[PDB]
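Take a look at this single chain, the form deposited in one PDB entry, given in structure tokens.
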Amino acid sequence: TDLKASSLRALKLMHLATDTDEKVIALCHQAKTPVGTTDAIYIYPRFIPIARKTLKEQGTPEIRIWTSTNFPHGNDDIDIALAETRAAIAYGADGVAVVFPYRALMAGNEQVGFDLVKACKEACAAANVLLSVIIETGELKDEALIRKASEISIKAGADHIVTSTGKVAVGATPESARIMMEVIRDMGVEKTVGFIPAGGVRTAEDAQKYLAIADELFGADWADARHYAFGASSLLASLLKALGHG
């Protein structure tokens, strides 16, 4: 089916998320699936060194390790976000998702959002570490605030843009996803900027819906390079079930 094909694609692009050392170890094992390797795991900074060991010893050092900083609050203190990103880096992260200061933007502060992302991009770039920016669409709400946060994050050097922390009641929607990818399209940056719909993606069918918008806007070669699934091990179990496993 279409649902089988898209569940396999989603799984290969998946950032598997989840709290203890043993829970993270079990995450790593899940990430090595019967149909292949998820793209990444997503975990709190302190768990990075044990996750690295585990992925290497199960024979999958190609699985990437993502984490977040300025998280989930998106405060506007650049000193703190920056120290936190340096820490994540020293722990061994392959990518750092920073939370955009979306509240400062909603209050009228566009400069702070630029300067924060740009400071965290510098640190990351200096260590060959990818930077995502979580804008928190559930909280911004307005189409024009979503465009604006997306656009500021791109100009400041975001490698990917991400809907949601998953720590507010509202995560990704199809319209949210649509808006942020249109920013990527309109600015001309699809070759260097990808996209993650995050928060409340539960089922194989939810994941197919997001994939379809990416295929629609940029085509299936873009989406296989740069459109990441995001969810917990319930989302993964469901993609596996769609493929006839478990």
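Shifts are known only where both forms have a C-alpha. Superpose the two forms; the largest set of C-alphas matching within 1.5 Å is the rigid core. Sequential numbering from 1, following the sequence displayed.
Below, we refer to the form deposited in another entry, which is not included among the displayed structures.
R9 C-alpha moves between this form and the one not shown by 2 Å or more, core aligned:
Superposed on the core, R9 moves its C-alpha less than 2 Å between this form and the one not shown.
Once both forms sit on the same rigid core, is the C-alpha displacement of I25 at or above 2 Å between this form and the one not shown?
After core superposition, the displacement of the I25 C-alpha between this form and the one not shown stays below 2 Å, so no.
Do you see a C-alpha shift of 2 Å or more at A237 between this form and the one not shown, with the core held fixed?
No; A237 is a residue whose C-alpha shifts by less than 2 Å between this form and the one not shown when the cores are overlaid.
In the other entry, whether the C-alpha atoms of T203 and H227 sit closer or farther than here (change of 3 Å or more)
Farther apart in the other entry, by 3 Å or more.
Compared with this form, is the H227-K191 Cα separation smaller or larger in the other entry, the difference being 3 Å or more?
They are closer; the C-alpha distance drops by 3 Å or more in the other entry.
Give the residue ranges, in sequence order, where three or more consecutive C-alphas each shift by 2 Å or more between this form and the one not shown after rigid core alignment.
Only this run moves by 2 Å or more: 224-233.
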